[PDB]
Engineer: 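So that we are looking at the same thing, I have put the structure below in structure tokens.
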Protein chains: 2
Amino acid sequence: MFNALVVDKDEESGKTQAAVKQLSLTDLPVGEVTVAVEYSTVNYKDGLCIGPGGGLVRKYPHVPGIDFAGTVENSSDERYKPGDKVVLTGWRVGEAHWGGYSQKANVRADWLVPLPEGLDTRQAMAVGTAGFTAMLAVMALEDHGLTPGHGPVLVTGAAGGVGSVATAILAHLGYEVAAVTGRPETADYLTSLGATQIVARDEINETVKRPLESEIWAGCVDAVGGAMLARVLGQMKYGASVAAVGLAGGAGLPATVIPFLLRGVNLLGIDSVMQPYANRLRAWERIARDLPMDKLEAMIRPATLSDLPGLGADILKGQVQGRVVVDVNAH
Amino acid sequence: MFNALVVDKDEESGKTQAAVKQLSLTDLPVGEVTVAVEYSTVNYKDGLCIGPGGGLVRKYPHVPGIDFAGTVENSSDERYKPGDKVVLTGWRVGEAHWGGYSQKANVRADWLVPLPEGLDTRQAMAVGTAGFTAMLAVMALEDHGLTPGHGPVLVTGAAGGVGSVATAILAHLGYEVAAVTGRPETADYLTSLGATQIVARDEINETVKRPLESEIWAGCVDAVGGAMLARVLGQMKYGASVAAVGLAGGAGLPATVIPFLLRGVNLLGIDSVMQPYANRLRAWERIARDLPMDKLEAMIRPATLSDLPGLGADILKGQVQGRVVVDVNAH
Ligand SMILES: NC(=O)c1ccc[n+]([C@@H]2O[C@H](COP(=O)([O-])OP(=O)(O)OC[C@H]3O[C@@H](n4cnc5c(N)ncnc54)[C@H](OP(=O)(O)O)[C@@H]3O)[C@@H](O)[C@H]2O)c1
Ligand SMILES: NC(=O)c1ccc[n+]([C@@H]2O[C@H](COP(=O)([O-])OP(=O)(O)OC[C@H]3O[C@@H](n4cnc5c(N)ncnc54)[C@H](OP(=O)(O)O)[C@@H]3O)[C@@H](O)[C@H]2O)c1
């Protein structure tokens, strides 16, 4: 038997409760590949799935965890064999299927990628869906012409996961990064990741009447969404793009079309969950080359399975800095 | 001397009036190239500049007309000589500079393009800024992977200028075009342009509470904006893009970020006004080959300078079908 975080739901009271429980291999959903999980992480979406559900969890009891990395234990698919090091992010794992908050997980072979060279399984989860998506966002901006030397690139919710990794990647690629944070005490941390400007949240997180403000930003990786995204759109330089990643400041987008029509601004939707295998490989290879591992290390907050209920609540309140690494085998 | 539409403003009352007046060459702003205008057209923006101003006209009296096509009369720039056929769209002509509603116009040589071999000056204005921007929008969709055979392409405000040209181009390129109109009597016209489905405006011009509806549209050329655009975003297929062109339905964008985040949808801002010379040439050559001239002909509504005050008022009310061609030399 082995340990896993299991969320139960009482339909009478609606109450969800997460707790570490002991499971057997026959408790997992049937799957092509059984992975001995070494690490997982805590993404914003994991906080939803650990706690209230956010409408993302269709079946209880539920083992959350949209990410894991580990070593293949058994496989009926010729792409993977015992001993292979593999990485899972997304594919609705941790939402519609039991996930990485477990010492063992069963998955479709289509859902895995090989552990990218340059990362161990710990670092792969230090990156996580959050860091993987920051890379996708940077790639989207590059695809639309972003190059260094043309003004600051805005990173919103910068003290969090997506924001920390995007800051580190963009700084390493030679960009001037303006980091937006509601936690001013993280400035030194953000500067150590490579940020060149620190922007207070309350300077940019409300809409204004004017549909256009001055052109400031050469591009943006947005983990916040909401009214902040609406405001940022009116501050983009001509032809610049926003990579839309997050909704931590709200799902509503109270925008105007004026920045798009008058300045050729783009709003580029970034979905990590259903990325094709080939682009997953591409983004992970970019991560191994362009995310300095010493910068990644500075983001890591260690945790165990027993820490997940509290960390899930913390991340939804915006109180997790950097990137949690869950050692599902600790002790 | 020569005829032109002149708009005057009473700066006390703020009211404007437009009428045909007789001007001399020295009434025009100084310019590098004097063009004997043959045709202009009526764009939505021209309706603003003919009438209330829309905040776009810095100086009165004003000769409006953001577009013209005609024959060079004199030039101090080696790029153009007397007899050359030339096309002007945008570059703030008709807004910050006297424009095409005149038998003669002075312009910077930077602002012109040579008339494509496949268009005459009448056809170039039947296309106009509206049709030129429709082509830019199609090009943006193709640059983001739009190809035929992957679902209908939505064209909003289809009975108008942008919409009519987008419908005809997309249909000729092999797409199934869904044409959104608030004028149901234009259905047969839209079908004659190549539309395969007719969508009533009131079916799609309100927001809904659900942030995602079913995936339907392979792409969209949007002349309407407003709540219609917000609704359309939740109906785009995974990875599909909206080319944002217009705001005829309102400048506000009461959207959510959910289609961007969960479906990788893109909102791509199209600006015709300041397109670089090289891209203008490519768009015009695309127009010459991808817009059937008999389809364009079915869009044309002939006009003279004296018709412009009424047509400017009409287009702002959504009451112009197709593409006005103004013969500034009519007898
Ligand atoms: N589209 C995808 O595939 C994809 C992949 C990963 C994440 N996402 C989304 O991206 C967002 C970030 O994920 P994450 O794991 O990095 O979570 P996170 O660590 O909590 O990052 C979010 C940051 O946003 C800021 N923030 C929180 N609440 C805010 C508010 N009300 N107003 C303004 N800023 C606020 C906080 O940073 P500061 O303290 O620095 O202000 C917070 O740390 C989430 O919404 C998540 O769902 C989507
Ligand atoms: N970004 C650029 O560079 C650029 C270039 C050209 C045009 N634009 C803009 O694109 C839009 C269209 O220009 P246009 O010259 O083609 O004008 P247009 O001929 O009047 O076309 C607009 C069409 O939109 C529909 N419409 C009007 N009011 C509406 C409303 N309240 N709700 C829903 N639909 C409405 C009408 O079509 P139906 O009768 O079929 O419903 C109308 O004919 C304008 O907003 C214009 O400013 C921008």
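Atoms within each ligand, like the ligands themselves, are counted from 1 in listed order. No hydrogens, no waters, no symmetry mates; every other heavy atom, side chains included, goes into these values. Naming: A, B, ... by sequence-line order, numbering from 1 per chain.
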Engineer: Would you compute the distance between atom OG1 of B/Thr89 and atom CH2 of B/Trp284 and round it to the nearest 0.5 angstrom?
Structural biologist: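 Reported value, rounded in 0.5 Å steps: 6.0 Å.
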
Engineer: Collect the protein residues that have a non-hydrogen atom under 4.0 Å from ligand 1 and hand them over in chain and number order.
Structural biologist: A/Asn43, A/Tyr44, A/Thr129, A/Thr133, A/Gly157, A/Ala158, A/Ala159, A/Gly160, A/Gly161, A/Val162, A/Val180, A/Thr181, A/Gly182, A/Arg183, A/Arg201, A/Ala223, A/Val224, A/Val245, A/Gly246, A/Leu247, A/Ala248, A/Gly249, A/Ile270, A/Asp271, A/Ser272, A/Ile315, B/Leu261

Engineer: Residues two or more places apart in sequence or in another chain: which of them pass salt bridge (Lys or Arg N to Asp or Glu O under 4.0 Å) with A/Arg231?
Structural biologist: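 Once residues adjacent in sequence are excluded, the partners of A/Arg231 under the salt bridge (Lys or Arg N to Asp or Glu O under 4.0 Å) criterion are A/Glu213.
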
Engineer: Sequence neighbours excluded, which residues qualify as side-chain contact (heavy atoms from CB on, under 4.5 Å) partners of B/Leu154?
Structural biologist: B/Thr156, B/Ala178, B/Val180, B/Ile204, B/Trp217, B/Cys220, B/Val232

Engineer: Could you work out, with salt bridge (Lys or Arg N to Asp or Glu O under 4.0 Å) as the rule, every residue matching A/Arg286, not counting sequence neighbours?
Structural biologist: A/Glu142, A/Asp290

Engineer: For A/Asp271 and B/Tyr238, does a side-chain donor sit closer than 3.5 Å to a side-chain acceptor?
Structural biologist: yes

Engineer: Do we see a donor-acceptor contact under 3.5 Å between the side chains of B/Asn266 and A/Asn266?
Structural biologist: no

